[PDB]
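**Student:** based on what follows, work out the 3D shape:
(one chain, ligands or ions: 2)
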Amino acid sequence: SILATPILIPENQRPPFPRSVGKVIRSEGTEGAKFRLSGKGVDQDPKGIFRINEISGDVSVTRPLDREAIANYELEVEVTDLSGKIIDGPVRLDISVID
Ligand SMILES: [Zn+2]
Ligand SMILES: [Zn+2]
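**Tutor:** Residues are numbered from 1 along each chain as shown. Ligands and ions are numbered 1, 2, ... in the order given. Next comes the structure:
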């Protein structure tokens, strides 16, 4: 299974970026496997705001967030084998921008 825990990010962070903001966990680990993240904020507009590390599941943010532009993101996180076949998930990853 995959455990995605909602992430809260204070609005208008100072840099340096990227900044780690949370971590998704696969119960079996990732040996021979890759985390993959998608959604608005990742691969749909606005693109490139959030990333996940394929091995560690560390979720990062790449810039300051304006809560009055977008207050919440609802992402998909899944795990594939090395060839891109889904083997776990997707599950919903909530990211909320807080005051
Ligand atoms: Zn699993
Ligand atoms: Zn890679």
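
**Student:** could you list the buried residues of stretch 37-48?
**Tutor:** Within stretch 37-48, the residues scored as buried using 16 or more other C-beta atoms under 10 Å are 37, 38, 39, 41, 42. C-beta here means a position set from N, CA and C on the backbone, and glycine is covered the same way.

**Student:** need those residues in JSON lines (columns: distance to residue 7 and secondary structure).
**Tutor:** Written out in JSON lines, the entries for the buried residues of stretch 37-48 read as follows (distance: C-beta to C-beta, whole Å; DSSP: H, G, I helix; E, B strand; the rest coil):
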{"residue": "37", "distance to residue 7": "12", "secondary structure": "strand"}
{"residue": "38", "distance to residue 7": "16", "secondary structure": "strand"}
{"residue": "39", "distance to residue 7": "13", "secondary structure": "coil"}
{"residue": "41", "distance to residue 7": "11", "secondary structure": "coil"}
{"residue": "42", "distance to residue 7": "13", "secondary structure": "coil"}
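
**Student:** so can I have TSV of these showing distance to ligand 1?
**Tutor:** Shown next, in TSV, are the buried residues of stretch 37-48 (distance: C-beta to the ion, whole Å):
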residue	distance to ligand 1
37	17
38	18
39	20
41	24
42	21
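
**Student:** and the residues you listed, which is closest to residue 16?
**Tutor:** Taking C-beta to C-beta as the measure, residue 41 is the one of these closest to residue 16, at 20.0 Å.

**Student:** residue 65 - how many residues pack around it?
**Tutor:** Applying other C-beta atoms under 10 Å, we find 23 other residues in the vicinity of residue 65.

**Student:** I meant to write residue 13 there.
**Tutor:** By other C-beta under 10 Å, neighbour count at residue 13 equals 14.

**Student:** which among the buried residues of stretch 37-48 gets closest to residue 86?
**Tutor:** When the buried residues of stretch 37-48 are compared for distance to residue 86 (C-beta to C-beta), residue 38 comes out closest, at 11.4 Å.
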